[PDB]
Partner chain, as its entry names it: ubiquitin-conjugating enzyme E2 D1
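Next up is one chain by itself, shown in structure tokens, the form deposited without the partner chain.
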């Protein structure tokens, strides 16, 4: 029904929001510290000096284990 289409759209947008903002292919599993932006996969995060969201210096990258993984 049209309701099935609405739910498919919500599921798709939620799943897309869990993907890396840089490569768009891998799941987000890394946090820039200390700002806390958790927007990249480990490969894209490893190469950044500053947070791509807030420009704060990245002191280190913390790997995150999320239940949604």
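Residue numbers count along the first chain shown, from 1.
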query	finding
Mean C-alpha B-factor comparison - 21-29 and 49-57, higher one	21-29
Entry-level comparison of average CA B-factors, 4-12 and 58-66, reporting the higher stretch	4-12
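There is also a form solved in complex with the partner chain; it is not shown, and the following applies to it.
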{"property": "Interface membership of residue 22, the partner chain in the entry with it bound, 4.5 Å heavy atom rule", "result": "yes"}
{"property": "4.5 angstroms heavy atom contact with the partner chain in the entry with it bound for residue 48", "result": "yes"}
{"property": "Interface membership of residue 55, the partner chain in the entry with it bound, 4.5 Å heavy atom rule", "result": "yes"}
